[PDB]
Structures are given as structure tokens and as C-alpha cells.
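In the form deposited without the partner chain, a lone chain appears below as C-alpha cells.
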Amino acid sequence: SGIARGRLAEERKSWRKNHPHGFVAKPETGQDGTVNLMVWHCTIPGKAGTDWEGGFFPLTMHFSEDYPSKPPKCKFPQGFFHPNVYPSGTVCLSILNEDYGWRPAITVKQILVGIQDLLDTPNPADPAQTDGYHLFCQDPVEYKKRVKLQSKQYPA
């Protein structure tokens, strides 16, 4: 099946054996029922005691046949509000940078946990959207309002 699909089957097996509470990660189900190992639909829970609490944020992971030598692309929905998320939804996380961050042994769980931390602890060196980044830097009161509001968009 090739290297990528072999690794993704290992990632699936490990995830199903042991993953953090409240997270979801699985290969997408295609229209006819066939599972596609190359695109995973994941859910990252907000941490209790942060403005992300109570939210369950949908994150899609997109793998190529170049994986795991090259990183996946991770996306929240278009319009998602966060300093490090592009208007398209793409997440800017330093381990997803092929040249300046990625290591091929990093697991799906390790990626999802890194993104979870990124929610309440953004990386100020990676501005990716004007809305989220401008509020975050120098307007903490409005930023907080916006994050709390967005968590209500992602229940359950």
C-alpha cells in the first residue's frame, strides 16, 4: 500500500489503543462508505479553565504519499478565529513546517496535542490572519470576547 498508508494504519492502531480524553481522530468515510486513510477528521477539545472551554473544534488532517517524510496539512474551518490560523483554515504550527520544523516520527496524537496547546497559547511569531492576530497582540479584552463566542459555535 506504500509507506504513507502503512504509517497511517500504525497511527490509527495506536490512537485507538490510547488517546487523550475528549479527542477524536479517524480517517474520513467517503460517500460510498469507503474509508480514506489520507484524510482524517479530528476533534480537539478546548481546555477547561480557558476561553476555549466547552468547545470541540473540528480539525482535518490531509496526508500525501510523501508522508511521513513530509508533514500533513491541518485545517480548521474557513473563518476560524485564532492568531495562527489562515483565513482558509490552515493551521500554522511550527512542526508542520517541512523545512523548519517537521520530524517524521511525530505522531498524529503529538500533532493534535500541539494544536490543542496552540489554542490558548498562540505563537506570536506566526501571524496568519489579520482578525485574530490584531486582537490578540494589543487588545486582550476584545480577543477574549471573540474566543468565548467562537467556543459557543462548536458544541458537542
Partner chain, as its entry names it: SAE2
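Positions refer to the first chain, counted from 1.
Look at the C-alpha B-factors of 82-90 and of 69-77. On average they run higher in 82-90. The mean C-alpha temperature factor is higher for 45-53 when 109-117 and 45-53 are set side by side. When the modelled residues of the chain are ordered by their C-alpha B factor, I95 lands in the middle third. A9: CA B factor in the middle third of modelled residues in this chain (values from the PDB entry).
In this PDB entry, the Cα temperature factor of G33 sits in the middle third of its chain's modelled residues. Sort the chain's modelled residues by C-alpha temperature factor and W15 lands in the middle third, per the entry. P127: CA B factor in the highest third of modelled residues in this chain (values from the PDB entry).
The same protein has a further form, the form deposited with the partner chain bound, not shown here; the description that follows concerns it.
With the partner omitted from this view, the residue of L37, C42, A128, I95 that lies near the partner chain in the bound PDB entry is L37 [heavy atom within 4.5 Å]. Taken together, the three residues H62, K70 and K73 all stay farther than 4.5 Å from the partner chain in the bound PDB entry, as judged by their closest heavy atom. Per the 4.5 Å heavy atom criterion, the partner chain in the bound PDB entry is contacted by stretch 29-37, the sole one of 98-106, 111-119, 29-37, 50-58.
Residue contact with the partner chain in the bound PDB entry: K17 places a heavy atom within 4.5 Å of it. Not displayed here, the partner chain is kept clear of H134 by more than 4.5 Å at the level of heavy atoms in the bound PDB entry.
Interface residue remark: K145 is not counted as part of the site for the partner chain in the bound PDB entry, having no heavy atom within 4.5 Å.
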